[PDB]
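These are the residues of each chain, in order.
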Amino acid sequence: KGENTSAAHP
Amino acid sequence: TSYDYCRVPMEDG
Amino acid sequence: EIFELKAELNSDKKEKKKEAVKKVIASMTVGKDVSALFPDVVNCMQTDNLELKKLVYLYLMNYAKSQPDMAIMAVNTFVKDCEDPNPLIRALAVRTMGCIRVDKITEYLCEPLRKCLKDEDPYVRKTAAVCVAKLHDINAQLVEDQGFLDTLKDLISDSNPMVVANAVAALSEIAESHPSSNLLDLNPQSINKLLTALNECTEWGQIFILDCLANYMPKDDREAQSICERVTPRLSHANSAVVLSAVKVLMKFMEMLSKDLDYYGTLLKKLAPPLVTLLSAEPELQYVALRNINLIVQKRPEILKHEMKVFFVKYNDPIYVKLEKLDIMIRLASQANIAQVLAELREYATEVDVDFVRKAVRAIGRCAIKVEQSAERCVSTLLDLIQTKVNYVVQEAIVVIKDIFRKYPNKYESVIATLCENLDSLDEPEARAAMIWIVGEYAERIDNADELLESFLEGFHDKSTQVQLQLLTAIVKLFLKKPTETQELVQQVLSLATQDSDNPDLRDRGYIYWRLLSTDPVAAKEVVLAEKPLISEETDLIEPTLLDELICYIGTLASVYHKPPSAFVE
Amino acid sequence: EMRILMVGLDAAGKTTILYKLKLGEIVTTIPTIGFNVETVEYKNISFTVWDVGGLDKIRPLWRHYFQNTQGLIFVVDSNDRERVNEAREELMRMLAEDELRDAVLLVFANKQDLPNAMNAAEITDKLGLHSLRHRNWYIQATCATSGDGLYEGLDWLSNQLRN
Amino acid sequence: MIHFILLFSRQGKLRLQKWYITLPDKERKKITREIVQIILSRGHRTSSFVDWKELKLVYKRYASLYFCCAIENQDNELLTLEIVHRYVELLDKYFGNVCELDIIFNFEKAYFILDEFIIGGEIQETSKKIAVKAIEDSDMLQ
Amino acid sequence: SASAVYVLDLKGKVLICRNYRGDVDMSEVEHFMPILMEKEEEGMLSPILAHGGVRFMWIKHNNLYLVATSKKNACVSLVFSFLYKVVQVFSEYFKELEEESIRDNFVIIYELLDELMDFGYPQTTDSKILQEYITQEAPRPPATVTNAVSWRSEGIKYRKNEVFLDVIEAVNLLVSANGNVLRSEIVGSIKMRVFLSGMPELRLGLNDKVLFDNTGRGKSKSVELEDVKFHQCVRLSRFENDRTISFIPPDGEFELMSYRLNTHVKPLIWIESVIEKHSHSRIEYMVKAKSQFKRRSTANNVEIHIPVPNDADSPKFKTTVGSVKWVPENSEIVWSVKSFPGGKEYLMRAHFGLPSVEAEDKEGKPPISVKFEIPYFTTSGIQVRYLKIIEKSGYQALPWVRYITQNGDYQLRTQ
Amino acid sequence: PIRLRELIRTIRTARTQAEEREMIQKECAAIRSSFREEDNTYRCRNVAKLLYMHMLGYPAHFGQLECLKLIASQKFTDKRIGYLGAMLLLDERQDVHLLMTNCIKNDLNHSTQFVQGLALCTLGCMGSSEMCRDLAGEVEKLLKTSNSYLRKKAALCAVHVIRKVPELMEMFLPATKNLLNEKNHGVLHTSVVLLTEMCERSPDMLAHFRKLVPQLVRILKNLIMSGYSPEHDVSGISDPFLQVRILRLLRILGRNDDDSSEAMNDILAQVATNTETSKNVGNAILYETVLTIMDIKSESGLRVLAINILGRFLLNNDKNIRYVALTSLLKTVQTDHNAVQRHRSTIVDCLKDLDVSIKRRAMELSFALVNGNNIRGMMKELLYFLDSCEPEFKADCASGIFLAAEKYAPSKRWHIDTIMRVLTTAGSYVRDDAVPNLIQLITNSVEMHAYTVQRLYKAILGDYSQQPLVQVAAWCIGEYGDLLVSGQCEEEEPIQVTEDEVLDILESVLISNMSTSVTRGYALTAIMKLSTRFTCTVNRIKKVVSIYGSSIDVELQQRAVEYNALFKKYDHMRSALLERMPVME
Ligand SMILES: Nc1nc2c(ncn2[C@@H]2O[C@H](COP(=O)(O)OP(=O)(O)OP(=O)(O)O)[C@@H](O)[C@H]2O)c(=O)[nH]1
Ligand SMILES: [Mg+2]
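Structure determination for this PDB entry was carried out by cryo-EM, with a resolution of 4.27 Å recorded in the header.

Looking up chain G in the PDB entry gives the name AP-1 complex subunit gamma-1, with the organism given as Mus musculus. As recorded by UniProt, the Sequence similarities comment attached to chain G reads in full: "Belongs to the adaptor complexes large subunit family."

The PDB entry annotates chain D as ADP-ribosylation factor 1 originating from Homo sapiens. You can read under Catalytic activity in the UniProt record for chain D the words "GTP + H2O = GDP + phosphate + H(+)". Note on chain D: under the UniProt heading Sequence similarities, the record states "Belongs to the small GTPase superfamily. Arf family."

A. Spatial organisation of the nonpolar core. The biggest cluster of nonpolar side chains holds 539 residues, and the ones touching the most others in it are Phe311 of chain C together with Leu250 of chain G. Top element by residues in this core is helix α2 (residues 76-93) of chain F. It accounts for 12 residues. Discounting chain neighbours no more than four positions away, the residues touching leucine 250 of chain G are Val213, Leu216, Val217, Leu220, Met264, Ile267, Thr292 and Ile296 of chain G.

B. A look at the arrangement of the chains. By contact count, the leading pair among the 10 pairs of chains in contact is chains C and F. The least C-alpha distance between chain B and chain E, which are not in contact, is 46 Å.

C. The environment of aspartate 251 of chain F, seen in detail. Residues and elements named next belong to chain F. Within the secondary structure, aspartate 251 sits in the loop between β12 (245-247) and β13 (252-262). A residue is classified by how much of its surface remains accessible, and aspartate 251, at 11% relative accessible area, is buried. C-alpha separation for the pair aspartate 251 and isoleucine 156, spaced 95 residues apart in sequence, amounts to 8.3 Å. In contact with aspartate 251, not counting residues within four places along its chain, are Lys128, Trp151, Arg152, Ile156, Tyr158, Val194 and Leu196. At 2.5 Å, the side chain of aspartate 251 and the side chain of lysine 128 are in polar contact. A distance of 3.1 Å separates polar atoms of two side chains, one belonging to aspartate 251 and the other to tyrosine 158.

D. Unusual backbone geometry, seen in detail. Positive phi, normally seen in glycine, also occurs at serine 48 of chain E, with a value near 55 degrees. Of note, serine 48 of chain E is situated in the loop between α1 (25-40) and β3 (49-51). Even without being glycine, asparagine 301 of chain F reaches a positive phi, approximately 35 degrees. Along the chain, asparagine 301 of chain F falls in strand β16 (residues 298-307). Overall, the relative accessible area of 29% leaves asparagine 301 of chain F in the partly exposed class.

E. Geometry of the packing of helix α2 (residues 14-30) of chain C against helix α4 (residues 106-115) of chain F. Two elements in contact, α2 of chain C and α4 of chain F, have axes whose closest approach is 11 Å; the angle formed by their N-to-C orientations is 70 degrees. By the angle class used here, α2 of chain C and α4 of chain F are roughly perpendicular. Along the contact surface, α2 of chain C presents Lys22, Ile25, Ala26, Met28 and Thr29 of chain C, while α4 of chain F presents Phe106, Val107 and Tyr110 of chain F. Taken together, the residues of the contact of α2 of chain C with α4 of chain F sort by class into six nonpolar, one polar and one charged.

F. View of the sheet that holds strand β4 (residues 71-76) of chain D. Here we have six strands laid out as an open sheet, ordered β2-β3-β1-β4-β5-β6 (chain D), and mixed in their pairing. The sheet is open, and its two edges are formed by β2 (35-41) and β6 (140-141) of chain D, each paired on a single side.

G. Just the interface of chain C and chain F, in detail. In this assembly, 93 residues from chain C lie in contact with 85 residues from chain F. Counting the surface lost from both chain C and chain F, the interface buries some 8,100 Å², and carbon and sulfur atoms represent 54% of this. Taken as a group, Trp204, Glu284 and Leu557 of chain C account for 9% of the area that chain C buries against chain F, more than any other trio of residues on that side. Here chain C is connected to chain F by 32 residue pairs in polar contact. Looking at the side of chain C that touches chain F, the element that brings in the most residues is helix α8 (residues 122-138) of chain C, giving eight residues. Residue composition of the side of chain C that touches chain F, grouped by class: 51 nonpolar, 19 polar and 23 charged.

Scoring rules and cut-offs
- Residues numbered from 1 in each chain as written, not as in the entry; some residues may be left out.
- Chains lettered and ligands numbered in written order.
- Part of a larger assembly, values for the part shown.
- Heavy atoms only, no water.
- UniProt positions renumbered as here; feature names shortened; annotations may be inferred.
- Core = buried A, V, L, I, M, F, W, Y, C linked by side-chain atoms within 4.5 Å.
- Buried < 20%, exposed > 50% of the residue type's maximum accessible area, 1.4 Å probe, protein only.
- Helix = DSSP H or I, 4+ residues; strand = E, 2+ residues; numbered from the N terminus.
- Contact = heavy atoms within 4.5 Å.
- Polar contact = N/O pair within 3.5 Å; in protein donor to acceptor, adjacent residues only side chain to side chain.
- Axes fitted to C-alpha atoms, helices over the stretch in contact; angles between N-to-C directions.
- Parallel < 35°, antiparallel > 145°, perpendicular 65-115°, else oblique.
- Nonpolar A, V, L, I, M, F, W, Y, C, P; charged D, E, K, R; others polar.
- Pairing = 2+ DSSP bridges.
- Buried area = accessible area lost by both parts, 1.4 Å probe.

As structure tokens, this is what we get:
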């Protein structure tokens, strides 16, 4: 999967 | 196998 | 994480270590780095179960190089497992002994392999026969020191021909890696023994003992005919790798028969239907089948010369068969079968795969070069294919019409009158220079040669080397054929060629043409417009010394590249 | 439902006809480079009218609307006797195609105000509409700035939709 | 002057493409496939600037998904990466915890944020407030 | 002489790996799919890929690349027939062959890939014989593995003793775009279903032209066998002597003989068609289908495919007999007629639309390819005549047969 | 008629491409069946499905009629998806995009500013040069308003109509006058970009636009001194997107000027030290500042600090900053050539970096760094680098060694030494264009040819597969074998020049298939040239021309006949036309 990680959020 | 068989002679010498 | 798995492994219960080893080889299936779990799965190996020891043998095989120093702890278990009443675990231990490639291990592994050679149940015999070659590839001279080659020959003198088959396979593999010191050739009585062992073994052993016959050569007429009499029914076999090696040894041995007899003719009339019926295999075999039919019909073209119809391609076939049946229809086009071949090549350029269309137009060209009674039909069909005016079709058909002209320059004056209108926004430099040559050589039935070369001289200094050089030849040939209309044209093409351009061969040809013009322009009619010799073509019939070498290699990687076996291996 | 095209030359008032049928007035009209489309409801029939631009460079791109077309409004200019040759050339380039082969023809002779403007018979025999075949053609001279005959032409067009 | 904007995945699939130089379709599929081959075959300390054919190409990894642009080779380079950074923040601020599937399923709105942030090559809205406020006012019209 | 028999995915990671010799490093599998792409995009899609001095032979099943590496001069047809036999053995175990099997039935498949090959050599590749010592539910191996007769383990017993013969015609044909036959060949395959008790022996009676000419009865109805390739079971030297098909049969399903003749009797189904391809408008298919054979047989479930333009739209189908579905998955019409008598003519007239704006690339012209099937009828004229059961016990078996006419690749060309 | 996200889910449930194409064409035929139905209700999601089919790269040519019909709707989401389909499905050479002209022109006169937003967006992103000549009258019209949502889009659409029609830029000069006091930064940013493009096009607009320099100096001052803003801020810097564009308009102004260059002095002196050098952003500002300093006619005191900045940029371990510094010193090669050369050890240190681009820019910087003093010690390291290169670096390096060598060669001996060393070590990677440069330079040499051609023959006896090597070598032999073979008309005491293997090596180049068929042309030309240059062993090469005469290649077949007629019929003409070729430049 690996797709549900949000982009920003350092 | 809806196509039905026929019997052949066995020996035919 | 793996410490948990090693703790499961260091248990005492059977259904814990079984799940442990299944988890290990499940990690090894995806390739997880389980190499630190080597020195403890060696312990859980001497087991009564059999579905477990195959997995441990698998682990020892896949990580043998990985632990070169810890791997000593399996040898006592190998010499224990090679001493069992159930032969399956013995032969399994044997075929795992050979695949372990560690030189410190193979020192102790000779004598149980020797004991498993002379065993009764032939399963472990034919497995140890292959393990002989497994050991010989690792350490050859140790096998010579242990004298296993005599026992390898002893299995050839055995009954139950599968042991004989694997002995022949290992024999050919060892004699390949030898320098042929003590070459393993045989008397013909052992060859008759193998011919008795041909009807009985597996369908794969019937390839191995049809590869030993590639190294033997008979000495007589009745000898070669007599053994080929019983090799001949092997061509009626379904498995299409057997048929190819049978064809290999028949093509080797048909250089020994007496051609005046009636066995060579019956050999040629019974070899063509199996070579045709090879084309009805499954398609990744048909590539090797077509390259070996290519290697055959160059050698003996009397075989397939009456069957053209099977080498027509079909739309289900992939690209690698569509490129090769073109090559075969080049190699088989004769005077009697021109119509179907040119009709079929006419219906090959109307595809969408570009390389296939280019190769089909080159096949039309090699057909017109090969035979002479049908160059007219080839020229007509090529002009018809130009009449669709698709760019790649025209850019290959121009070069093909050029290569027809350089072979046959004679009677095609009523053809080039259509070729002047050929969409001269034609782009590719491998065909523009071809059109330049076609204009320059034939600028006496073409009336407007100068006014088109104006269009080819505007962007002169940045086209190519080849196109500029063909322009420099063609305009000089034009001015020599007609000096009136192009007097400034030869001057300006020399001034563009000699002064401004620094392309060195173009400068050399330009100064040579300029000095020939300044010295004697009348002499150029005998210098540059001379009677050209009839061009000796590039006959791609290979060296028969090399072709007879590739008869010995049919069905191998040397038999697809059409290269000698030392030209690509390392 | 009836797909309708408005092809023709420039300065012919086809856009004047289109905005006179839709709004009812004569709005300021720029040269229409692209196209126009409106639905004008008349005699309980929705007329989807595709007004096509009539400049020179657009005339090759007219074939993109010739599909599912059930009727043609071919607008000509009446004060240009020097443009009837290219009009007839465009017309017989258009009416002789396999797409748009069963659609009716309604040629409009707009701009009837000047003595340069002709009647219907002279423009008919300059086009030669009797030479057509398998077409239900009917020319109609109109006055778009006063709305004369346009809804009459649409009445005849609505007779041509049903059969 | 950004010549193109490419959003291509980790596996090699394409997620958002945008061309500001009108080059034809077979040339598009050659150029796109070659650039996706170029960027995917590169390490992780290679400065994220690739000199590709008179274009100092700028990319930045923000997920498995990669973002790719190409500036013209006489301008500054780090600002193109900061343009990509701003476009990440705009996609996040419009969606709200922006996902891969949110770019995949709602790609039409990703193009609309790209249009209300970039037309013709450059940056038509330096504010990160006015662009999202205007595009949600446009959606408020529907 | 393969060094590692591989099964890859459609991406390039390893489903299962099994190396034998060490000639090919296990890291070398990682280059397979990039070399596949870099050779596929330039017209060089070849079954033999190249990586330095390391080769790559492979076949392609549905989701699987059965990759077989090598470094030395490998015997190639050996390795390819090995890979197809591995495919047939796995289809005997696992009725479908996907990634669901390989990453989950890895208990037994590593043992199979240990059994089938040692040091690159195929050695034991019959499926039924491999079943009785490799199970998923272990004793000594059967002697049939070692014995010469290696496809029939003794001890098999059934209550009755039935042998079923299926003679399958498969007409290959390629009619050119003018209306003449280029190639009218027939690839026939006799597939048998044998349920016998013990170690029998069968001698098949055909009405061969050659055997009748050796006998003296080549003036009655006979078949001209242009070539026959038998199974391993048939003792081929006895066929070489006097055309005698002597074989110990296997147990269950097997393929007996794969013959291939030619026949200049007319094509079975004739497809005359016209195409009025108007540019940017539409297309018409006034295709007719007549049958040349006799007026007694019925062609079951024919599927006359005609390839269409790629992006056509709004189909219409005014037929007389048989349904149409337009299948745009492969961009084809499927004109299907279930009950198709012989000698009659069924007419079909289709009509499409076609887009205004022309495409970027051309579309290609694939051929018409029908999918007929007829029982109780052979175009070849081949009749099986006798089948002698030989047994030390000695009993009455029941050889049953039927005659199936199918197609092979029955293509007819288009405009 | 499924939804769009339904199609995306159905496509993501496809496994192989040979099934994913089937699933594409399934719903694609449903789209095409819908477009013969003239459905004006579902057409939005139809064209959305078609655009998602296009973004994978499937056939989408048929769906452009309906993008034109979506733009010719009246509702808002329909025109939205229509202009999206225009920006993805239409370009300049689609040849049917001209039907958008009327619809874009009407939608520039729609009441809602958002509809005109898309009508400027599409014309800016993909407007053709023939679209702009009918729309630029309305593009400047929407610059004559003051609605700040539309001015920022009309300005970049004007940038696009500059870019596609350069001769139409005069009707935007009267519009861009005194709009540079707008407080809204978006319109201000697009106007700075407009001024940058206008100042890049014509010097006639430079004189009009270099009067408003202190105005944007004041704008940059009030952007730098504005310490914080609620929006516009990235990493504590007030809107760097406009700061870089203002510095770039300052860069392309005053570059050949003194008064405007001194007008922009103290703000550069401010921002050179008022940069936040921690993040990416302030170093981007500082790099743009250094580029603005080095391009304008600035005071030397700024350039001291600027070269100190560039010395810092080499030290910062972000590889972004290293690529910035390499591009920096690559730009200021000519300007301040002296101070770059004391960074030479750091520049050569970057040759072993593990990036392709860093090695490339350091290689090009070292090539541009070559003066008439550093030629000696640098070329050893550079030719060591070329032998230690990767094979995609070899073309640029092989051209750059030649270009640096032809300029600044300290002696003609070592020049040809380096060139011959490169032709040995590179081989099949020196481009075919530099081979006439090599031949032209060695024929520009007049005093050294024995030291050339002897080492040529001593090199090519081992190798012939290096193709430009023998391209040079065959002409070198054919024009200077008389200095190769020296006084050897008959057999003498043995010298390694032997005039029989001298011809046999050319014969081996001819016979062996490692020949590009212009090597064969060079070789045949050398064979015919050495008939007059050599009086030692002749009428053996006439045999070669005779046996070569029916070869398959076309040009070689012409050349063999033209040499055969000279060797057989006109031998009194051969020595007359084998004079050395004259020298050009
Ligand atoms: N007197 C008079 N003038 C008309 C009439 N119809 C059209 N015109 C004039 O014709 C001119 C051209 O017509 P337009 O509709 O504006 O443009 P067009 O002919 O449709 O050409 P395109 O815009 O390119 O489609 C207009 O300026 C009108 O003044 C009419 O019925 N009476
Ligand atoms: Mg108008």
